[PDB]
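Protein chains in written order, with UniProt numbering: chain Y, 10 to 136; chain F, 10 to 136; chain A, 10 to 136; chain B, 10 to 136.
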């Protein structure tokens with residue numbers, strides 16, 4: 010509950026390191042836009058949170074701010090699916106960092122096969 | 010509670026029409042990344058939600074899906090500020106709609122003067 | 010010919026100032042992707058050039074670099090159309106500037122009616 | 010001369026297949042913004058062109074149109090460097106394709122080591 014929005018959505022962190030942040034989100038009702046699919050805004054919120062955590066870590070816990078996000082929503086995910094997120098750096102300098110955040114789903118019917126649903130690039134200035 | 014995650018964050022919708030959607034968000038602790046500023050992911054979530062509501066309306070209630078979001082974070086907003094959001098169409102065709110979403114803040118000290126903090130373009134596919 | 014790509018494409022500048030840069034591009038064969046429509050890459054090249062010129066001017070002719078561009082291609086333009094470009098600042102601080110670049114077309118048949126075909130946001134760091 | 014503005018800038022295509030398009034660009038004076046670095050607009054123009062060629066191929070030669078481009082400029086390239094470009098699909102469906110385009114440079118001094126300078130995501134609508 011230090012990212013309260015992520016906590017509220019039921020996101021759970023797996024790995025944190027300066028080169029990689031992962032976690033998971035069961036797609037629950039609070040996560041959905043009204044057709045019982047995952048809200049694209051929730052994918053965007055995830056991308057921003059994990060990229061900012063990554064950047065903080067990669068910068069020596071100096072202050073960072075997201076200044077641009079670009080996200081592609083590739084496929085929908087349904088209520089009851091499970092989403093996996095992974096953030097990694099595309100570029101780290103002293104001033105600008107760029108992170109990529111990928112989201113994949115698995116379903117009730119098929120739980121093995123991670124299907125890419127979202128891909129994002131987050132640009133951050135590191136103070 | 011026509012967008013459940015936004016409702017839980019304290020967002021209130023104001024105007025809905027086929028050319029303009031608005032509402033407001035008090036910047037409360039649940040909306041903040043941990044330095045007591047508004048979470049950039051929340052700004053993204055707002056852009057996606059309002060653009061989607063707009064498109065759904067402007068399309069005559071066909072199914073719409075956000076496929077790309079680009080957001081610029083221009084300025085931060087602090088805990089205790091009030092955020093105002095406005096979505097309007099940049100382009101509406103039969104298949105693709107592009108909506109712009111602007112976020113402004115006012116503060117405790119200065120409540121007259123809306124200061125732009127974020128601007129977003131959301132690309133949606135319709136029917 | 011200080012932006013040689015723009016010169017090569019036949020772009021012509023109209024107004025330069027720290028708050029507004031305009032010009033025009035006849036849509037000629039060199040400007041087209043192979044269906045005799047304006048190349049989306051050419052719109053993107055315009056957006057980058059004008060935004061960078063604007064930022065240079067607005068920054069006191071200090072060094073600037075484009076670090077992110079996001080562009081929406083809203084409508085096509087045909088061989089023989091005329092394109093108009095306008096760059097203006099969305100946000101100017103000391104470190105980050107954000108410019109918007111809009112492109113409109115007029116056609117042989119209809120020359121009065123400027124139809125918006127492209128809209129872009131360019132994020133620049135100003136050194 | 011399957012993309013005329015790129016051809017005039019000195020771009021050479023290398024590989025075409027439904028999952029990968031490549032080519033190269035010597036960074037010559039015609040490709041430069043005026044401080045003797047590669048024009049960011051040229052990097053954008055490359056992304057759009059190659060993603061579009063890819064989509065046209067991966068769709069079985071249906072008509073495709075770029076509707077959104079997001080590009081991160083990570084590092085500059087100097088006059089005299091050589092740029093390598095590679096486009097590959099992130100998502101291919103029937104209606105929307107998303108392609109990623111990476112640009113790398115090598116230099117006169119160091120010709121072995123490809124250094125990533127740009128990364129782009131291009132969203133296209135097909136048929």
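We put the CB at the ideal spot given by N, CA and C, even for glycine.
- request: Measure from the C-beta of residue 94 of chain F to each C-beta in chain Y and report whether the shortest distance is under 7 Å.
  value: In the second chain, the residue the question calls residue 94 of chain F occupies position 85. Taking a beta-carbon distance threshold of 7 Å, residue 94 of chain F does not count as an interface residue toward chain Y.
task: Look at the Cβ atom of residue 133 of chain B, then the Cβ atom of residue 96 of chain B, and state whether they are nearer than 7 Å.
output: Taking the fourth chain and counting its residues from 1, the one referred to as residue 133 of chain B is at position 124. Taking the fourth chain and counting its residues from 1, the one referred to as residue 96 of chain B is at position 87. No. Outside cutoff.
task: Taking only the alpha-carbon atoms, compute the straight-line gap between residue 85 of chain Y and residue 103 of chain B and give it to the nearest angstrom.
output: Here residue 85 of chain Y refers to the residue found at position 76 of the first chain. Here residue 103 of chain B refers to the residue found at position 94 of the fourth chain. Rounded to whole angstroms, the gap between the alpha carbons of residue 85 of chain Y and residue 103 of chain B is 15 Å.
- request: From the DSSP output, in three-state form, read off residue 18 of chain Y for me.
  value: Within the first chain, the letter at position 9 stands for residue 18 of chain Y. Note: residue 18 of chain Y maps to helix in three-state DSSP.
query: Excluding sequence positions up to five away, which residues of its chain have a Cβ less than 7 Å from the Cβ of residue 10 of chain Y?
result: Here residue 10 of chain Y refers to the residue found at position 1 when the first chain is read from its first residue. Correct list, in chain order: 16.
- request: Please list, in chain order, all residues of the same chain as residue 114 of chain F whose beta carbon is under 6 Å from its beta carbon, the five residues on each side excluded.
  value: As a working note, residue 114 of chain F is residue 105 in the second chain. So the qualifying residues of the chain are 86, 90, 92, 124 and 126.
Residue from Y/128, Y/98 and Y/53 with nearest C-alpha to residue 80 of chain F: The count along the second chain starts at 1 and reaches residue 80 of chain F at position 71. For the residues Y/128, Y/98 and Y/53, the minimum Cα distance to residue 80 of chain F belongs to Y/53.
field: Chain-ordered chain Y contacts of residue 107 of chain B [CB-CB under 7 Å]
entry: Along the fourth chain, one-based indexing puts residue 107 of chain B at 98. Per Cβ cutoff of 7 Å: 81 and 83.
task: Using a Cβ-Cβ cut-off of less than 8 Å, give me the residues of the stretch 65–81 of chain F that come near chain Y, in sequence order.
output: 72, 74, 75, 76, 77, 78, 79, 80 and 81
query: Cα separation between residue 41 of chain F and residue 128 of chain A?
result: Against the second chain, residue 41 of chain F aligns to sequence position 32. Against the third chain, residue 128 of chain A aligns to sequence position 119. Going from the Cα of residue 41 of chain F to the Cα of residue 128 of chain A covers about 31 Å.
message: What are the residues in the stretch 34–55 of chain B lying within 9 Å of chain Y by C-beta distance?
response: none
task: Quick one: using the 10 Å Cβ neighbour count with 16 as the cut-off for buried, is residue 68 of chain Y buried or exposed?
output: The count along the first chain starts at 1 and reaches residue 68 of chain Y at position 59. Looking at its Cβ environment, which holds 16 or more other Cβ atoms inside 10 Å, residue 68 of chain Y is buried.
- prompt: Quick one: is residue 116 of chain B near chain F, going by C-beta distance under 7 Å?
  reply: On the fourth chain, position 107 is the one that residue 116 of chain B refers to. It does not: the Cβ of residue 116 of chain B has no partner Cβ on chain F nearer than 7 Å.
query: Do residue 28 of chain A and the ligand COA come close, with the Cβ less than 6 Å from some heavy atom?
result: The model on display carries no ligand, and the ligand COA is accordingly not part of it.
query: What does residue 132 of chain A reach in chain Y if we use C-beta pairs closer than 9 Å?
result: Counting from 1 along the third chain, the entry for residue 132 of chain A is found at position 123. Near residue 132 of chain A (Cβ distances below 9 Å), the residues of chain Y are 76, 77 and 132.
- prompt: What is the DSSP secondary structure of residue 52 of chain Y, reduced to helix, strand or coil?
  reply: Taking the first chain and counting its residues from 1, one reaches residue 52 of chain Y at position 43. In the structure shown, residue 52 of chain Y sits in a helix (DSSP, three-state: H, G or I).
field: Beta-carbon proximity list for residue 12 of chain B, same chain, < 6 Å, skipping 5 on both sides
entry: Start at 1 with the first residue of the fourth chain, and residue 12 of chain B comes out as number 3. Excluding sequence neighbours, residue 12 of chain B sits near 58.
query: Residues of chain A with a CB under 7 Å from the CB of residue 58 of chain F: which are they?
result: Taking the first residue of the second chain as position 1, residue 58 of chain F is located at position 49. Simply none; closest approach about 19 Å.
- prompt: What is the C-beta distance between residue 82 of chain B and residue 73 of chain B, in whole angstroms, given that I count them as a contact (C-beta under 8 Å)?
  reply: Position 73 of the fourth chain, counted from the first residue, corresponds to residue 82 of chain B. Position 64 of the fourth chain, counted from the first residue, corresponds to residue 73 of chain B. Not a contact, Cβ separation roughly 25 Å.
query: Taking all protein chains shown into account, do 16 or more other C-beta atoms lie within 10 angstroms of the C-beta of residue 21 of chain A, making it buried, or fewer, making it exposed?
result: Within the third chain, the letter at position 12 stands for residue 21 of chain A. By the neighbour-count rule (16 or more Cβ atoms within 10 Å), residue 21 of chain A is not buried but exposed.
query: To the nearest whole angstrom, what separates the beta carbons of residue 49 of chain F and residue 75 of chain Y, a pair I think is in contact under 8 Å?
result: For the purposes of this step, residue 49 of chain F is taken as the residue at position 40 of the second chain. For the purposes of this step, residue 75 of chain Y is taken as the residue at position 66 of the first chain. Indeed they touch by this definition, with Cβ atoms about 4 Å apart.
message: Can you tell me where the beta strand (DSSP E) holding residue 35 of chain B begins and where it ends?
response: Locating residue 35 of chain B in the fourth chain gives position 26, counting from the first residue. Unbroken beta strand (DSSP E) run through residue 35 of chain B: 29–35.
query: With DSSP run on the structure shown, which of helix, strand or coil describes residue 89 of chain A?
result: Sequence index remark: in the third chain, residue 89 of chain A carries index 80 (1-based). Of the three classes helix, strand and coil, the one that applies to residue 89 of chain A here is coil, per DSSP.
task: Reducing DSSP to helix, strand and coil, say where residue 83 of chain F ends up.
output: The count along the second chain starts at 1 and reaches residue 83 of chain F at position 74. Coil, per DSSP.
- prompt: Using CA coordinates, which residue listed in A/29, A/122, A/45 and A/18 is at the minimum distance from residue 110 of chain A?
  reply: Taking the first residue of the third chain as 1, we reach residue 110 of chain A at position 101. That would be A/29, whose Cα lies nearest to the Cα of residue 110 of chain A.
message: Can you check whether the C-beta of residue 13 of chain A is within less than 7 Å of a C-beta belonging to chain B?
response: Here residue 13 of chain A refers to the residue found at position 4 of the third chain. Answer yes: the Cβ-Cβ gap between residue 13 of chain A and chain B drops below 7 Å somewhere.
message: Please classify residue 121 of chain Y as buried or exposed, where buried requires at least 16 other C-beta atoms within 10 Å of its C-beta.
response: Translated into the one-based positions of the first chain, residue 121 of chain Y becomes position 112. Burial call: exposed.
- request: Would you mind stating whether residue 47 of chain Y and residue 36 of chain Y have Cβ atoms separated by less than 7 Å?
  value: As a first step, residue 47 of chain Y is located in the first chain; it is residue number 38 there, counting from the start. As a first step, residue 36 of chain Y is located in the first chain; it is residue number 27 there, counting from the start. Yes, these two residues count as a Cβ contact at 7 Å.
- prompt: Should residue 129 of chain B be flagged as near chain Y, meaning a C-beta pair shorter than 7 Å?
  reply: The count along the fourth chain starts at 1 and reaches residue 129 of chain B at position 120. Taking Cβ atoms only, chain Y never reaches closer than 7 Å to residue 129 of chain B, which makes this a no.
task: Output the distance between the C-alpha atoms of residue 78 of chain Y and residue 56 of chain F, rounded to the nearest integer angstrom.
output: Here residue 78 of chain Y is taken as the residue at index 69 of the first chain, counted from 1. Here residue 56 of chain F is taken as the residue at index 47 of the second chain, counted from 1. Rounded to the nearest angstrom, the two C-alpha atoms are 12 Å apart.
- request: Rank Y/107, Y/99, Y/71 and Y/106 by C-alpha distance to the C-alpha of residue 136 of chain Y and give the top, closest one.
  value: Residue numbering aside, residue 136 of chain Y sits at position 127 when the first chain is read from its first letter. The shortest C-alpha separation from residue 136 of chain Y is found at Y/71.
message: Using C-beta distances below 7 Å, list every residue in its chain close to residue 25 of chain B, excluding the 5 sequence neighbours before and after it, in chain order.
response: Taking the first residue of the fourth chain as 1, we reach residue 25 of chain B at position 16. Excluding sequence positions up to five before and after residue 25 of chain B, its CB lies within less than 7 Å of the CB of 62 and 66, all in the same chain and listed in chain order.
query: Going by C-alpha distance, which of Y/130, Y/99 and Y/88 is nearest residue 116 of chain Y?
result: Numbered from its first residue, the first chain carries residue 116 of chain Y at position 107. Of the listed residues, the one whose Cα sits closest to residue 116 of chain Y is Y/88.
field: Other residues of its chain near residue 31 of chain Y: CB distance less than 6 Å, five sequence neighbours each side excluded
entry: For this step, residue 31 of chain Y is matched to residue 22 along the first chain. The residues are 23, 24 and 95.
message: Quick check: the Cα distance between residue 18 of chain Y and residue 118 of chain F, rounded to an integer number of angstroms?
response: The sequence position of residue 18 of chain Y within the first chain is 9, counting from 1. The sequence position of residue 118 of chain F within the second chain is 109, counting from 1. So the alpha carbons of these two residues sit roughly 32 Å apart.
- request: From the DSSP output, read off the bridge partner residues of residue 120 of chain Y.
  value: Against the first chain, residue 120 of chain Y aligns to sequence position 111. Residue 120 of chain Y pairs with nothing; no bridge assigned.
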